[PDB]
Amino acid sequence: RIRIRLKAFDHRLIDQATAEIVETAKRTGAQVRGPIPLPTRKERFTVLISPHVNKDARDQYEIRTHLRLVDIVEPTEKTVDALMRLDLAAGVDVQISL
Amino acid sequence: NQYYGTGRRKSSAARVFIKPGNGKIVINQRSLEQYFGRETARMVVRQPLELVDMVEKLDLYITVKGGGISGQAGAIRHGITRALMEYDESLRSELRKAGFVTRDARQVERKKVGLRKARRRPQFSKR
Amino acid sequence: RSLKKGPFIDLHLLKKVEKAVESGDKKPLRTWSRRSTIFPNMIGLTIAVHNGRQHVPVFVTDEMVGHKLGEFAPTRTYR
Amino acid sequence: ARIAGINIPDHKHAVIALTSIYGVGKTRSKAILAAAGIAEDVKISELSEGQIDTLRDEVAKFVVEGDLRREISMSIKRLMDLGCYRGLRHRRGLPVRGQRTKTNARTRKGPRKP
Amino acid sequence: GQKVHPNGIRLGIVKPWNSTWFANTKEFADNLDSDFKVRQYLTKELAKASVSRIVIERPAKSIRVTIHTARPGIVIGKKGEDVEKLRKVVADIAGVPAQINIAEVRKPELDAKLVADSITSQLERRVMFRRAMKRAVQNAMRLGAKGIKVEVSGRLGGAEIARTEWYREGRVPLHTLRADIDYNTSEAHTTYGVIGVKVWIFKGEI
Amino acid sequence: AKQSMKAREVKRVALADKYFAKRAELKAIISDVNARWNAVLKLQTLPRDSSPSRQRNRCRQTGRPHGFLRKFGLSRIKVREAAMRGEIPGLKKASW
Amino acid sequence: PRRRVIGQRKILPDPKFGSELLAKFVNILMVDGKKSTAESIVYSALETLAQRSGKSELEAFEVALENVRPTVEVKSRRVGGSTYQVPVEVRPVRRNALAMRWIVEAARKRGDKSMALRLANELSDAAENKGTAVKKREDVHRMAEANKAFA
RNA sequence: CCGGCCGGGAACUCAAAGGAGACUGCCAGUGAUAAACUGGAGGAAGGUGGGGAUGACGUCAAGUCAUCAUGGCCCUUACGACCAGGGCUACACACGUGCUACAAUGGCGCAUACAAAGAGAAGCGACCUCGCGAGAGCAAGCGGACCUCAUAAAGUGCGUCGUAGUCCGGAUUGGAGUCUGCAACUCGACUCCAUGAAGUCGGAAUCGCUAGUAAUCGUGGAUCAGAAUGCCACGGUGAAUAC
Ligand SMILES: [Mg+2]
Ligand SMILES: [Mg+2]
Ligand SMILES: [Mg+2]
Ligand SMILES: [Mg+2]
Ligand SMILES: [Mg+2]
Ligand SMILES: [Mg+2]
Ligand SMILES: [Mg+2]
Ligand SMILES: [Mg+2]
Ligand SMILES: [Mg+2]
Ligand SMILES: [Mg+2]
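One line per chain: the protein sequences are AJ, AI, AS, AM, AC, AN and AG, in this order. The entry's author numbering numbers the first residue of the first sequence as 5 and each following residue consecutively. The entry's author numbering numbers the first residue of the second sequence as 4 and each following residue consecutively. The entry's author numbering numbers the first residue of the third sequence as 3 and each following residue consecutively. The entry's author numbering numbers the first residue of the fourth sequence as 2 and each following residue consecutively. The entry's author numbering numbers the first residue of the fifth sequence as 2 and each following residue consecutively. Numbering-wise, the sixth sequence is residues 2 to 36, 41 to 101 according to the entry's author numbering. The entry's author numbering numbers the first residue of the seventh sequence as 2 and each following residue consecutively.
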């Protein structure tokens, strides 16, 4: 009935707002169709490393982005007060609707 | 019960289901032929039934995605010897000697900056 | 060869050609607009087309129409 | 088997043979074996003269051969006369269409010498 | 010129990141610069506040801004004043609103940047570059540091012809990724040139 | 990299939305199968630097017009100078 | 091979006859990594050789091959200034690693319309050792044995 | 509705977090009873498994004052600033790097199987309709394991071509267009119709690569309004050889 999409660049973390959200649900109202992993899109930025000439040099950086699903089936006006006001985690992104 | 073996090889991954029956072979809802029995290595999908017999004894409906013509026929070949799991481990020794048991871990090697392609090095002249 | 749906020309050039037609041709006629597609309403006039250092005179004629002004004013001097 | 041009082709598959003409290049060919209603992989063996002159009229439709060469040469001469860039280039024997001349212009420049 | 930046190659492990926030392309742009703008303004301001490292995070439509210093009471001012005049214009710059956190720097002789800055600050005060390096190094082995090294670079003292001259005491495995290594950077804009400092401080493993 | 050359690029973004995007949209539909009263295009007499395709794309900090990236809005030089101090979230030297 | 001596990868004894020997043949003739279309030409040329010799397949290849095999070969050797072509009795495993290499090489250098054709005629010339490749056996023995001296 | 499509199903594929596993440790041969190597076992992986990241003190007053910073130096109603047009695209030549070929291991027509990895709201753009086409109009889904880019090509089939400067090769040029963008003359990219150079495998000389590599086949991306044979990434098929 309500799923919350989750994304951040750090993994040893996103699954900590995951297992916090999930937890702050089953204990309260409950239900939650477990936390789903879901394709972690990894951008790759590769650029020349010398201030001038040397096209063979270059650094190869990346940005891993991680997803987590959530899915809570039983929206208990209590678990609604359990998502809200029991949250935070600055570097994570939450999407309530779809 | 469905007695299973996975198997996979370079980008492909095939799942092989066993069940004593006939000598018929399903894959991606296809005949052995209608998929690639009539291309390079039809014989190799059947291969995992050499020192271990069939000719019409045991059935095998399977699927497989990813990779290509011979990666998929490698994946499946692995899955068959993997399914021969259930039929004891007595048979899974001349399946070793066969080589069919091993996971062919050979992967496409990356294209690495500075080069043309993995190893291929930009021809150079000194002057 | 481009343009497709509405051939192009600079306004200042086009209204520099009516400042002649209804008024009679003056001396050569200066534009830098080497882009402008030549029009029938320019034939017989002389447009001075910039090429870098100066403007080359070009008598427009019954077949320089579709072409541009820059086409008749070489820019790279090679001897 | 003559047809349209001074050209007297034939003796292999049709569509292919037709290309011989200076003015038909595969598409104008397919379009004529179709606009004359004839088999297109057929030689001239079995191919009646009766059919040949039907095609001869179809090709008559377009500016092929001699006329084409002249028209095509007139087009280039017009260029030069106008004293424009695409022409100034035709008279100087160099690439019309912008191609670099600092190197590899050869084709439109004649084998290199000094 | 062929060493991998020590901090950078750590990140994944043992080293943090001075921005944690997340954003998605569209704003990743305007965000990155905003960050620069704050670290810019704040470093010119808290110049003589011995600030060692400024962290930024934007939690939904907000910007936090943490400030590691070795003179908190200078950054903070009279019972909270300076923090305001900052916070104020720090939120002004980023547009979105802004708290601000003053983390205290324990044992600054261990903080690379704060080492470098000193050596710098001194060279401009005009002091013997050899001495300062050597002082620096000790005050660190003094307070634990299982290794350290500083090098300077060019017109050292005056020399028309430029030098470097480092100074390693202890252990400094810029190859062991586990190794906690605090590496930073400070330039000194002298009357005769621009001298660049690199300090490595080895702190342990795991 | 030369204030003046920077400045240029700012007025360019300024006008780029004053007229174009806005008043220039009158050319998208003002030039579609709506036939003609040729005043239609003629109106492209506006500031020149009002067009967006005129905007270069310069390293947000240094102005360098080459080696730029839309992600970080920086030249590959600065991108790395920051990348190695964290500075860019999530971004790190990668392999695979 | 400065120090790191090696063994020799082994390939998959041929998808029709069950021979490793041919499997190397096909590879040899193969190009741009087209196994799909490699044996295709080898079997068809072994098919023209099949009945155009009758003799069969296995044994017709064996003989035609049997000819282009070299027994000895010279090996460069830059000593006191000079290059010194030194003869050496060459091993079985390679003895036909060439034979095949030359047989394949001989057929591409040939007039026939197709590869099945070209290859076929080479095997056949060799059968009665009178082809391009068998000549490469002749000129190889002729090269050594002139260096008969050095040994 | 024979569409994972609907119920469901939690097995499997995968997804991404966390785990175990490989240590010359096990038998044996070699070697000083050592180090190690060699072979065998089991095992997905045997001898740092495969690949990457990591580049010591130092050498070339090696490269960068034009990324930025900066000592000194010089211009300052000009060495600064603004605008149009041109130029960086010139063309007797030479050298480097590459792309495309010379063809039947191919060209061509039609049918047809199997990838990976990315990309996206001032975006990816379906569907439909129009146009031979490039494209266009209209319009859905998609911030995206959902939607779009997007029908992988080598391959396999039949058939045709039959060794010819050719049904190989596609330069060059004429003609007519399409899209982007104030603007395609200089100089954009694509398209349709014609056009059809050189080129039949390359002297002296020289380069790459030791395995999922070379060779070959397509796929995406950064830059980017538009502009890739370059660059950076992806998988398909898949060798030869080392005394
Ligand atoms: Mg590959
Ligand atoms: Mg050349
Ligand atoms: Mg400046
Ligand atoms: Mg631009
Ligand atoms: Mg220099
Ligand atoms: Mg300066
Ligand atoms: Mg330039
Ligand atoms: Mg052709
Ligand atoms: Mg060739
Ligand atoms: Mg090697």
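Here a beta-carbon is modelled for each residue, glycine too, at the ideal position from N, C-alpha and C.
Burial state of residue i (16 or more Cβ within 10 Å)
{"i": "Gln52 of chain AG", "result": "exposed"}
{"i": "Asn35 of chain AN", "result": "exposed"}
{"i": "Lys6 of chain AS", "result": "exposed"}
{"i": "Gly8 of chain AI", "result": "buried"}
{"i": "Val77 of chain AJ", "result": "exposed"}
{"i": "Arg107 of chain AM", "result": "exposed"}
{"i": "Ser46 of chain AM", "result": "exposed"}
{"i": "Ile64 of chain AC", "result": "buried"}
{"i": "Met89 of chain AN", "result": "buried"}
{"i": "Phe21 of chain AN", "result": "buried"}
{"i": "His176 of chain AC", "result": "exposed"}
{"i": "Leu56 of chain AM", "result": "buried"}
{"i": "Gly19 of chain AG", "result": "exposed"}
{"i": "residue 142 of chain AI", "result": "Beyond the ends of chain AI as shown, which are 4 and 130, falls residue 142 of chain AI; an answer cannot be given."}
{"i": "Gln110 of chain AI", "result": "exposed"}
Residue i Cβ short of 8 Å to ligand 1 heavy atom set
{"i": "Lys131 of chain AG", "result": "no"}
{"i": "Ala23 of chain AJ", "result": "no"}
{"i": "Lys13 of chain AI", "result": "no"}
{"i": "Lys115 of chain AI", "result": "no"}
{"i": "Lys35 of chain AG", "result": "no"}
Test: residue i CB closer than 9 Å to a CB of chain AJ
{"i": "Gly117 of chain AI", "result": "yes"}
{"i": "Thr186 of chain AC", "result": "no"}
{"i": "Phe23 of chain AC", "result": "yes"}
{"i": "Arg85 of chain AN", "result": "yes"}
Closer than 8 Å: residue i CB and nearest ligand 2 heavy atom
{"i": "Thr104 of chain AM", "result": "yes"}
Any non-hydrogen atom of ligand 4 within 8 Å of residue i CB
{"i": "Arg61 of chain AN", "result": "yes"}
{"i": "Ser58 of chain AN", "result": "yes"}
9 Å Cβ cutoff, residue i in contact with chain AG
{"i": "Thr43 of chain AI", "result": "yes"}
{"i": "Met46 of chain AI", "result": "yes"}
Below-9 Å beta-carbon distance, residue i vs any chain AN residue
{"i": "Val84 of chain AC", "result": "no"}
{"i": "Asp19 of chain AJ", "result": "no"}
{"i": "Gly8 of chain AS", "result": "yes"}
{"i": "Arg16 of chain AJ", "result": "no"}
{"i": "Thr69 of chain AJ", "result": "yes"}
{"i": "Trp18 of chain AC", "result": "yes"}
Residue-level contact to chain AI via CB, residue i, 9 Å cutoff
{"i": "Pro14 of chain AG", "result": "no"}
{"i": "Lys36 of chain AG", "result": "yes"}
CB contact below 9 Å: residue i versus chain AS
{"i": "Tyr86 of chain AM", "result": "yes"}
Any chain AC beta carbon closer than 9 Å to residue i
{"i": "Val84 of chain AJ", "result": "no"}
Ligand 3 heavy atom lying under 8 Å from the CB of residue i
{"i": "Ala8 of chain AN", "result": "no"}
According to a CB-to-CB cut-off of less than 7 Å, which residues of the region 49-62 of chain AS neighbour chain AM? Within the region 49-62 of chain AS, no residue has a Cβ that lies closer than 7 Å to any Cβ of chain AM.
Hey, which unbroken runs of the alpha helix (DSSP H) at 4 residues or more fall wholly within the region 25-91 of chain AM? Counting whole runs of 4 or more residues, the region 25-91 of chain AM contains the alpha helix (DSSP H) stretches 28-36, 50-61, 66-83.
So if I threshold CB-CB distances at 8 Å, which residues from the region 45-69 of chain AC count as touching chain AJ? Cβ contacts with chain AJ: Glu58, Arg59, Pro60, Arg65.
Segments assigned alpha helix (DSSP H), at least 4 residues, entirely inside the region 18-64 of chain AG: Counting whole runs of 4 or more residues, the region 18-64 of chain AG contains the alpha helix (DSSP H) stretches 21-30, 40-54.
Taking Cβ-Cβ distances below 8 Å as the criterion, which residues of the region 50-67 of chain AJ are in contact with chain AI? Here the close residues are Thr50, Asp60, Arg62, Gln64.
Whole beta strand (DSSP E) runs in the region 48-121 of chain AI with 3 or more residues, listed along the chain? Complete beta strand (DSSP E) runs here, min 3: 61-68.
Near-chain AS residues of the region 77-102 of chain AM - C-beta to any C-beta below 8 Å: Answer set for the region 77-102 of chain AM: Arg79, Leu83, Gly84, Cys85, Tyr86, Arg87, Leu89.
Could you tell me which uninterrupted alpha helix (DSSP H) segments, each at least 4 residues in length, are contained entirely in the region 83-133 of chain AG, listed from first to last along the chain? Correct list: 93-109, 116-128.
List in chain order: all unbroken alpha helix (DSSP H) runs of 4+ residues lying wholly within the region 11-79 of chain AJ. If we require 4 residues or more, the alpha helix (DSSP H) runs fully inside the region 11-79 of chain AJ come out as 15-25, 27-30.
Closer than 9 Å, Cβ to Cβ, to anything on chain AN: give me those residues from the region 22-42 of chain AC, in chain order. Identification of residues in the region 22-42 of chain AC having a C-beta nearer than 9 Å to some C-beta of chain AN yields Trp22, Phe23, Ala24, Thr26, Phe29, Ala30, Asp31, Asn32, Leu33, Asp34, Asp36, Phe37, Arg40, given in sequence order.
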